[PDB]
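Some notes on the structure that comes next.
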Amino acid sequence: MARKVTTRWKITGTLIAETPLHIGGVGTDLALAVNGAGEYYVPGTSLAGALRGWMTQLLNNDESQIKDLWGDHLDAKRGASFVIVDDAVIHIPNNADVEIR
RNA sequence: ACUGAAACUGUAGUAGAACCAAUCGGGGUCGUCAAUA
C-alpha cells in the first residue's frame with residue numbers, strides 16, 4: 001500500500017503581495033528566485049517555511065503538532081510532510097517589472 | 001544443464017539577519033562695455 005490518506009484536500013487561491021517581495025536566489029540583493037524558465041516564482045521551500053514558521057510561533061513551538069503536519073526526518077513514526085507546497089510563478093501585473101531599492 | 005523476483009535516493013530545513021539614499025546649499029542679485037588714432 002501507499003501512505004493511507006482519508007481525505008486529500010486541494011487548497012488553492014491567489015496570494016497577493018501586499019508589500020513588495022524579495023525571495024532570493026543564488027544567482028548584492030539583485031538576484032530574485034527564478035524557476036528554470038527564468039520566471040520569478042515563490043519556491044515551495046520558502047513558502048512552506050513561512051507557513052511552518054508561523055504555525056511554530058502559533059503553537060508555542062509544540063514540535064509534535066508541527067511535525068504531525070510538516071514531517072520529520074528523525075522520528076521513526078513520521079517522515080514526509082502531509083502538506084505539499086508547490087512552487088508558484090509570480091504574475092507581475094502589466095506595465096510593471098522588478099524594481100531596485 | 002537455463003537471466004531471480006520485488007524495492008521512489010528519499011525524508012526534515014523560509015537565501016536570510018542587519019543598514020534612514022542620505023549630507024551641505026535664501027531662486028538670488030548693479031556697474032559699465034569697447035580700443036584705437
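Here's how to read the names in the C-alpha cells: chain A, B, ... by the order shown, residue numbers from 1 in each chain, ligand numbers from 1 in the order shown.
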
Identify every residue of chain A that has at least one atom within 8 Å of any atom of chain B, counting only C-alpha atoms (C1' of nucleotides), and report the result as a list in words.
-> residues 23, 24, 25, 26, 45, 46, 47, 48, 49, 50, 53, 71, 72, 73, 74, 79 and 80 of chain A

Please identify which residues in segment 18-96 of chain A DSSP calls strand (DSSP E or B) from the backbone, and express them as a list in words.
-> residues 24, 32, 34, 40, 41, 42, 72, 79, 88 and 89 of chain A

Please run DSSP on the backbone and report, as a compact mmCIF listing (two decimals) with C-alpha atoms, in the first residue's frame, all residues within segment 56-93 of chain A that come out as helix (DSSP H, G or I).
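As a result, states30.txt now contains:
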# COMPACT_ATOMS: atom_id res chain seq x y z
CA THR A 56 5.56 27.20 15.09
CA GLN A 57 5.03 30.64 16.63
CA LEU A 58 1.31 29.88 16.96
CA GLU A 63 7.18 20.42 17.99
CA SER A 64 4.87 17.39 17.91
CA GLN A 65 1.91 19.23 16.41
CA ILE A 66 4.22 20.83 13.84
CA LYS A 67 5.91 17.58 12.83
CA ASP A 68 2.50 15.92 12.52
CA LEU A 69 1.76 18.30 9.64
CA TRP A 70 5.16 19.25 8.25

Selection: 10 Å around segment 38-42 of chain A, only C-alpha atoms (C1' of nucleotides), excl. self and same-chain fewer than 2 positions, as a ChimeraX atom specification = /A:21-25,32-36,44-47,86-92,98
